[PDB]
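What follows is a short report on a single structure.
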Amino acid sequence: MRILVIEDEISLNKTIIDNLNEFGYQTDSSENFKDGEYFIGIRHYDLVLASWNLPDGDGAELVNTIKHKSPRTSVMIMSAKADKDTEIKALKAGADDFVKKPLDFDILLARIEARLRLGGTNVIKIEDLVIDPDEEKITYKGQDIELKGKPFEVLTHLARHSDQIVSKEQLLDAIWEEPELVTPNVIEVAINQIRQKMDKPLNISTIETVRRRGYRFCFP
Amino acid sequence: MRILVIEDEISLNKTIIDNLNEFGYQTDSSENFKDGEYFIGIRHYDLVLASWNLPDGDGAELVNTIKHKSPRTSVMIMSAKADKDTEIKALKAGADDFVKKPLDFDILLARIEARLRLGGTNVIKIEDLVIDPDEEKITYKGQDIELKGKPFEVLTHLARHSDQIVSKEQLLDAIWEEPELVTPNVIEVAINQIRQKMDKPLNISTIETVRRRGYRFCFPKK
DNA sequence: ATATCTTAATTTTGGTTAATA
DNA sequence: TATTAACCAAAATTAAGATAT
């Protein structure tokens with residue numbers, strides 16, 4: 001999952017990115033609405049962390065622009081003014097969460113994880129398939145599967161986004177630090193790794209390929 | 001601190017106790033050497049203050065006994081005989097100190113504090129794991145683990161920077177000398193011995209490696 | 001034709017094992 | 001012992017051809 005930060009204050013923007021990266025997220029920062037708006041046009045972000053109090057934005061337009069271009073991107077607003085009405089304006093403007101500044105980073109990461117779970121649970125438990133992304137483990141029928149690294153991350157991403165196709169660019173954007181540089185075959189070798197150690201041996205078809213579209217996780 | 005008072009005079013013994021509790025010492029009292037030894041068997045007292053003059057009058061036989069049964073305990077002897085011989089013959093009997101009566105409870109309290117001061121320890125202790133850097137002793141749940149040499153110092157530096165991560169270079173500059181003339185693999189072979197000796201038989205990750213970051217001590221278990 | 005799938009080589013990054021200063 | 005050399009395992013990544021659409 002890729003997070004984007006738009007903090008006008010220089011020090012805060014940094015601290016946030018460092019904490020987020022430590023957790024396990026891919027990250028890009030912005031200090032401007034214009035600079036932000038460019039990023040959201042080149043890359044896909046799973047969540048955007050923006051300040052309502054920016055010099056070059058009203059907040060409400062910021063939240064509106066992003067949720068129009070990237071309609072599946074989540075918007076979390078941060079404000080030093082956590083007033084009742086400031087919050088309501090943000091949420092009404094299309095924000096998905098509102099947090100007060102100064103920040104509790106332990107609570108932020110929890111909400112970020114909840115927002116990227118897509119309504120799911122932390123441990124993804126479909127049938128006898130159990131993917132614990134936190135301990136990096138996949139178990140089917142009590143039997144353990146051995147998938148690790150990027151290849152495991154596209155599987156959880158494909159599972160968080162089940163019954164939906166995910167373009168190779170989004171998998172790149174979500175999991176690789178510099179998605180533009182890596183060749184898009186990294187994604188295909190990963191899917192082969194997954195299928196080889198899951199779909200092929202366990203007589204199943206978890207991932208489906210859709211030409212000029214992407215891949216789609218299924219468990220029918 | 002637990003101090004034991006063996007005094008024949010009840011007057012004083014109550015006074016000795018009252019001042020000693022006022023300072024925050026656990027304190028038990030007696031008037032019989034027999035009684036004293038009993039407490040010793042059941043509990044460990046950091047110090048025992050006792051009168052040189054008692055009905056028993058065993059003298060050294062008291063100091064030598066207390067030390068024999070419980071050697072980590074100190075013996076301070078109280079007497080109203082101030083003669084040099086009394087003092088000397090008592091200290092030569094094993095007394096760690098000789099105070100005089102009439103008693104100056106102010107001095108008395110200061111001297112007990114000095115006989116009980118522990119000082120500074122470099123020992124690191126976590127759960128069942130204790131790391132004694134001065135004795136080169138790593139014991140887990142009473143089970144000495146055989147880590148020695150640079151591996152030991154590497155483990156120490158990490159523990160001292162627990163949670164935090166230490167670069168291979170930091171470890172090199174600290175534990176090793178002239179880091180410009182050592183193969184960095186020395187750290188890998190060090191972490192291996194560390195894991196091979198402790199992390200493994202202890203069945204709990206001791207050290208964790210972080211990509212391009214190095215290692216950080218991680219003991220969040222038994 | 002393109003699109004991707006597989007398999008292989010290569011690179012990176014520590015971990016392991018002995019031997020030998 | 002402490003230091004090294006050789007060796008292993010793993011991920012990453014890119015390449016190439018194969019195979020499917």
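We place every Cβ from the backbone using ideal geometry, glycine too, and count neighbours over all the protein chains shown. FYI, it's all coordinate maths here, none of it is from the lab.
3J(HN,Hα) along the stretch B:127-141, derived from phi through the Karplus expression 6.51 cos²θ - 1.76 cosθ + 1.60 where θ = phi - 60°, amounts to 6, 7, 9, 10, 10, 9, x, 7, 9, 6, 9, 10, 10, 10, 6 Hz, with x in place of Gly and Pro. As a calculated quantity, the FRET efficiency between A:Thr15 and B:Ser162 at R0 = 25 Å, using C-beta atoms, amounts to about 0.65. Projecting the Cα positions of B:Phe152, B:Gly142, B:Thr206 onto the charge dipole of the stretch B:124-217 (unit charges on Cβ atoms of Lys, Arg, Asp and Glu, taken about the Cα centre) puts B:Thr206 furthest along the positive direction.
Counting only residues at least eight positions apart within a chain, or on another chain, the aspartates and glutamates with an alpha carbon under 14 Å from that of A:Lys100 are A:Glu7, A:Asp83, A:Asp85, A:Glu87. Relative contact order of chain B, taken over Cα pairs closer than 8 Å and 6 or more residues apart, is 12 percent. For the stretch B:2-114, the Cβ-based charge dipole about the Cα centre amounts to some 360 debye (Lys, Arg positive; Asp, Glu negative; other atoms uncharged). Taking B:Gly149, B:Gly94, B:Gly36 in turn, the Gaussian network model of chain B (Cα-Cα springs below 10 Å) assigns the largest fluctuation to B:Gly149. Scanning residues 5 or more positions from A:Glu208 or on other chains, those with amide H under 5 Å from its amide H are A:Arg216, A:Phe217, A:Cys218, with H placed 1.01 Å from N in the peptide plane. Both radii come from the Cα set of chain B: Rg as radius of gyration, Rh as Kirkwood radius; their ratio Rg/Rh reads 1.20. The ranking of A:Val130, B:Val123 from fewest to most other beta carbons within 10 Å of each one's beta carbon is B:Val123, A:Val130.
Think of each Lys and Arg Cβ as +1 and each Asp and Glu Cβ as -1; about the Cα centre, that makes the dipole of the protein assembly as shown roughly 1580 debye.
Evaluate the relative contact order of the stretch B:2-114 (contact order divided by residue number), counting alpha-carbon pairs under 8 angstrom at least 6 apart; express in whole percent.
Relative contact order here is 23 percent.
In plain terms, the bigger the Kirkwood radius, the slower the diffusion; for the stretch A:124-217, with that radius from Cα pairs, at 4 °C and 1.567 mPa s, Stokes-Einstein puts D at 96 µm²/s. If you take the alpha carbon atoms of the protein assembly as shown and fit the smallest convex hull around them, that volume is 258 Å³ per residue.
Placing +1 on each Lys and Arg Cβ and -1 on each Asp and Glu Cβ, with no other charges, gives chain A a dipole about its Cα centre of roughly 900 debye. Using θ = phi - 60° in the Karplus curve 6.51 cos²θ - 1.76 cosθ + 1.60, the 3J(HN,Hα) couplings for the stretch B:30-35 round to 7, 8, 10, 4, 3, 4 Hz; x is entered for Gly and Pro. Scanning residues 5 or more positions from B:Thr139 or on other chains, those with amide H under 5 Å from its amide H are B:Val130, B:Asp132, B:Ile145, with H placed 1.01 Å from N in the peptide plane.
For the pair the stretch B:1-48 / the stretch A:86-159, the C-alpha centres are spaced 62 Å from each other. Coupling constants for the stretch B:54-67 follow from the phi torsions by the Karplus curve (6.51 cos²θ - 1.76 cosθ + 1.60, θ = phi - 60°), and in residue order they are 9, x, 4, x, 4, x, 4, 4, 7, 4, 5, 6, 4, 5 Hz; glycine and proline get x. Toward the positive end of the charge dipole of the stretch B:2-114, about the Cα centre and with charges on Cβ (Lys, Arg +1; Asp, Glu -1), which of B:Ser70, B:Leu20, B:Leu47 goes farthest? Comparing the listed Cα positions along the dipole, B:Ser70 ranks first. Less than 27 Å apart at the alpha-carbon level, and either on another chain or at least 8 residues along: which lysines does that give for B:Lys168? Cross-link targets: A:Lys14, A:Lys148, A:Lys150, B:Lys125, B:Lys137, B:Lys148, B:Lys150, B:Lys197, B:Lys200, B:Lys221, B:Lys222. Can you list the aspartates and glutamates whose alpha carbon sits under 12 Å from that of B:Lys141, skipping same-chain ones fewer than 8 residues off? Once the sequence-local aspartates and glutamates are set aside, what remains near B:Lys141 is B:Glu127, B:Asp128.
Distant-in-sequence amide contacts of B:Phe98, defined by a placed amide H-H separation under 5 Å and a gap of 5 or more residues or a different chain, comprise B:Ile77.
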